[PDB]
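Residues per chain are reported as follows:
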Amino acid sequence: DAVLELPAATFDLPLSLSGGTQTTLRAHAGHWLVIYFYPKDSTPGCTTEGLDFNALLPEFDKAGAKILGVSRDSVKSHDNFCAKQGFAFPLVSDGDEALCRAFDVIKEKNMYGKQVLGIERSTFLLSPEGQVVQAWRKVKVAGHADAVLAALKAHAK
Ligand code: NA
Ligand code: NA
Ligand code: NA
Ligand code: NA
Ligand code: NA
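Residues numbered from 1 in each chain as written, not as in the entry; some residues may be left out. Chains lettered and ligands numbered in written order. Heavy atoms only, no water. Residues with missing side-chain atoms left out of burial classes, pairs and counts.

Peer 1: Break down the coordination of the sodium ion (ligand 3) for me, with residues and values.
Peer 2: Coordination of the sodium ion (ligand 3) by the protein comes from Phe37 (O), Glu49 (OE), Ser122 (O) and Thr123 (OG1), over a distance range of 2.6 to 3.0 Å. In the primary structure, the donors to the sodium ion (ligand 3) are separated according to the pattern F-x11-E-x72-S-T. Placement of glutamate 49 in helix α1 (residues 44-55) and of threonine 123 in strand β8 (residues 122-126) is noted, with a sequence separation of 74 residues between them. We classify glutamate 49 as buried; its relative accessible area is 1%. For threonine 123, a relative accessible area of 0% gives the class buried. (Donors = N, O, S within 2.8 Å, 3.2 Å for Na, K, Ca; no water. Helix = DSSP H or I, 4+ residues; strand = E, 2+ residues; numbered from the N terminus. Buried < 20%, exposed > 50% of the residue type's maximum accessible area, 1.4 Å probe, protein only.)

Peer 1: Talk me through the state of the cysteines; I want residue IDs and the actual numbers.
Peer 2: A full pass over the atoms with the stated rule returns zero disulfides. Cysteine 46 provides the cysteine sulfur closest to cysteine 100, a residue in no disulfide bond, and the two sulfurs are 12 Å apart. (Disulfide = S-S within 2.5 Å.)

Peer 1: How would you sum up the side chain of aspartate 73? Please name residues and give values.
Peer 2: Residue position: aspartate 73 is located in the loop between β4 (65-71) and α3 (75-85). A distance of 2.9 Å separates a polar atom in the side chain of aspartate 73 from the backbone nitrogen of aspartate 41. (Polar contact = N/O pair within 3.5 Å; in protein donor to acceptor, adjacent residues only side chain to side chain.)

Peer 1: Describe the sheet that holds strand β9 (residues 132-137), listing the residues and the values that go with them.
Peer 2: Read across the open sheet, the five strands follow the order β5-β4-β3-β8-β9; overall the sheet is mixed. At either margin of the open sheet sits one strand with a lone partner, and together these are β5 (91-93) and β9. Shown here is a sheet whose adjacent strand axes are inclined to one another by a mean of 20°, direction ignored. Looking at chain direction, β8 and β9 are connected through five bridges and run antiparallel. Bridge pairing links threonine 123 to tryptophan 136 in β9. Together, β3 (32-37), β4 and β8 form the strand contacts of α1, whose direction differs from that of β3 by roughly 165°. Where α3 meets the sheet, it contacts β4 and β5, and its direction lies at approximately 160° from that of β5. (Pairing = 2+ DSSP bridges. Axes fitted to C-alpha atoms, helices over the stretch in contact; angles between N-to-C directions. Contact = heavy atoms within 4.5 Å.)

Peer 1: For unusual backbone geometry, give the residues involved together with the corresponding values.
Peer 2: Negative phi is the rule for most residues except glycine; trans is the rule for most peptide bonds. Unlike most non-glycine residues, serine 42 shows phi in positive territory, near 65°. Along the chain, the position of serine 42 falls in the loop between β3 and α1. Residue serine 42 is classed as partly exposed on the basis of its relative accessible area, which comes to 43%. With phi around 60°, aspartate 104 is a residue other than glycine that occupies positive phi space. Structurally, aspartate 104 can be placed in the loop between α4 (98-102) and β6 (106-111).

Peer 1: Any details on the pairing of β6? Residues and values, ideally.
Peer 2: As paired strands, β6 and strand β7 (residues 114-119) are joined by six bridges and run antiparallel to one another. Paired with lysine 107 across the two strands is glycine 118, which belongs to β7. In this structure, the hairpin formed by β6 and β7 is closed by a connection of two residues, where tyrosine 112 is found at a positive phi of approximately 55°.

Below, the structure is given as structure tokens:
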């Protein structure tokens, strides 16, 4: 059922959250987890994506799921973004890109005459046993949160 295999150590990485606490992926055992990676706090696409997930939170709650957004912005940046937008789910400050590398979302583009790395907008659905059962890479924001919810409902039933 897995579409991606993560290194075992990934599940024990301490993930710094908005609000000053930590989590780990193993700590989420027993429920579905949506992990959405986005390139930059407080930009148009990333704000739209976060607000779309936020608006659907009760539907994720029905289906037995939690959401985590992830970028490499600082905890303080995330706190500002969450407060301004009213998000009711946490944001991971993956400052060292450990989680991003585990999910292979750091992609390289030939541009500016160089090799340039960056976060590719991507989302994953993690089962209650920690299996990555669906992936969306190079995400288009419009309609995305709706599509993720529909997929979750399909998998969870
Ligand atoms: Na921390
Ligand atoms: Na950290
Ligand atoms: Na995403
Ligand atoms: Na989980
Ligand atoms: Na897919």
